[PDB]
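# sequence unknown, structure follows:
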């Protein structure tokens, strides 16, 4: 029964989109943000504020 | 407080069991107010209600006999069809039989008539709970995301890319019936970054540099595909356009994470389901009518150093 | 300040050039420096904006 329930629903796309977005983009671009912004913060006082 | 307003549906608190328990306590309290042989009738009715799941399991195994070889390969089929909480049902049936067959006949008649008519179905609450409780069903989402993001934007623009490639070197102009992108989807999760290293007979022929640029999350289109040359036997050489499935790398990275708690058997099942979903999605499409050929293989137990090359050569031969 | 809307050019009669002009004198400090990439395609330099 549980196997048929998993197979039949072809529209459970939310979990797939969430995990795909996470692994593909956020796990690889998020950590290198503070270091990428500090260099601009060195010359722009507005970002430093 | 908040300019907007959100009502996030937090999951069920599971207080239905508490309501059932308090109702049962109320029933016991009522029975206390205002006898012994009625326990036999209660047990017989419990056995009559329990034999329904036994009938359902028998029917399920009768239907799963053909899928036995494909999924379970004899004990596994009956283990899957029958819920493990069935020994007490057999005990109740045996006790009812020993205590006493018209009653059993009418009880089983009613049970299997209800089962066959299919008037007992699932309401919205339980199906929604099952939908939102199974956290790991990324197969369909990954298939749809892959198709929309990649396969619906580069497959139509495949004739012109290879046309300029053939303009650069007319070698692949001779082969015109194999002008479609080949996709490799191993049922495991291993992915080779240097496909020339996976097999000794696969060698590059043309790979022009290209930069993949994303501006605020918007990915730029890909205008180049890597052309290869699979060495046949000492008769000729054949070119190809080869790719791997990024969602399989997604499954691999999911399995690597500790917080995901994603195992190996689940990974295999999800990979097979993703393969089936992608095949069914591409089968009923229009833009990608015949501009693709996806190859699914399971790595063999015996060590073969030229397995993939032979498989793709066979796919090319049937392609012709 | 509207009457000082013109580019200033420093030409020392020697040849010393400071890469960080904020370090040449203690009273010169940045106010705005947005990132920009200088691209030359086959010797053709892109305009500076």
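That came through fine. Numbers count the residues shown, from 1 in each chain, chains lettered A, B, ... in the order given.

# write out the residues of chain A neighbouring chain B.
Counting by Cβ under 8 Å from any Cβ of the partner chain, the residues of chain A close to chain B are A:5-7, A:9-20, A:23-25, A:27. For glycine as for every other residue, the C-beta is placed from the backbone atoms N, C-alpha and C.

# give me the buried entries from those.
Burial by neighbour count, judged by 16 or more other Cβ atoms under 10 Å in any protein chain shown, picks out A:6, A:12, A:13, A:15, A:16, A:19, A:20, A:23, A:24 from those.

# so who does the fifth one touch?
Put plainly, it is residue A:16. B:137, B:138, B:139, B:140, B:141, B:142, B:143, B:144, B:145 (Cβ atoms under 8 Å, 6 or more residues apart in numbering or on different chains).

# so of the residues of chain A next to chain B, which ones are in helices?
A:5, A:6, A:7, A:14, A:15, A:16, A:17, A:18, A:19, A:20, A:27 (DSSP state H).

# nearest to chain C among the buried ones among the residues of chain A next to chain B?
residue A:24 (25.4 Å; Cβ to the nearest Cβ).

# just checking, residue A:47 touches residue A:40?
Yes. Counting by Cβ atoms under 8 Å, residue A:40 is a contact partner of residue A:47 at 5.6 Å.

# burial count for residue A:22?
17 (other Cβ atoms under 10 Å in any protein chain shown).

# distance check, it against chain C.
Distance, residue A:22 to chain C, using Cβ to the nearest Cβ, to the nearest Å: 28 Å.

# quick check: residues of chain A near chain C?
Remark: the part of chain A in contact with chain C comprises A:40, A:43, A:44, A:45, A:46, using Cβ under 8 Å from any Cβ.

# residue contacts, the first one?
Think residue A:40. A:47, C:34, C:35 are the contacts of residue A:40 under Cβ under 8 Å, 6+ apart.

# what sits up against the helix or strand hosting the first one?
Secondary structure here is read from DSSP states H and E; on that basis residue A:47 sits in helix A:45-48. Here helix A:45-48 makes contact (Cβ under 8 Å, 6+ apart) with A:37, A:40, A:41, A:42, C:30, C:31, C:32.

# widest-spaced pair of the contacts of residue A:16?
Greatest spacing in the contacts of residue A:16, by Cβ to Cβ: B:137 and B:145 (13.4 Å).

# for the closest residue to chain C within chain A, what are phi and psi?
Per Cβ to the nearest Cβ, residue A:43 is where chain A lies closest to chain C, at 4.2 Å. With angles defined as degrees, to the nearest 10, residue A:43 sits at phi -100, psi -20.

# number of residues surrounding it?
17.

# hmm, it is touching residue C:33, no?
Yes. Assessed by Cβ under 8 Å, residue A:43 is found in contact with residue C:33 at 4.2 Å.

# rewinding a little: most neighbours among the contacts of residue A:40, which one?
residue A:47 (12 neighbours).

# ignoring the adjacent residues along the chain, who's closest to whatever residue of chain A ends up closest to chain B?
Among the residues of chain A, residue A:16 lies closest to chain B, at 1.4 Å counting by Cβ to the nearest Cβ. Nearest non-adjacent residue to residue A:16, counting by Cβ to Cβ, 6 or more residues apart in numbering or on different chains: residue B:141, 1.4 Å away.

# still on that earlier bit, please give me every residue in contact with the residue of chain A closest to chain C.
C:30, C:32, C:33.

# how far does stretch A:22-37 sit from the chain's center?
Put simply, stretch A:22-37 sits 8 Å off its chain's centre (Cα atoms, centre = their mean, to the nearest Å).

# spatially central, which residue of chain A would that be?
Closest residue to the average C-alpha location of chain A: residue A:26 at 2.9 Å, with Cα atoms, centre = their mean.
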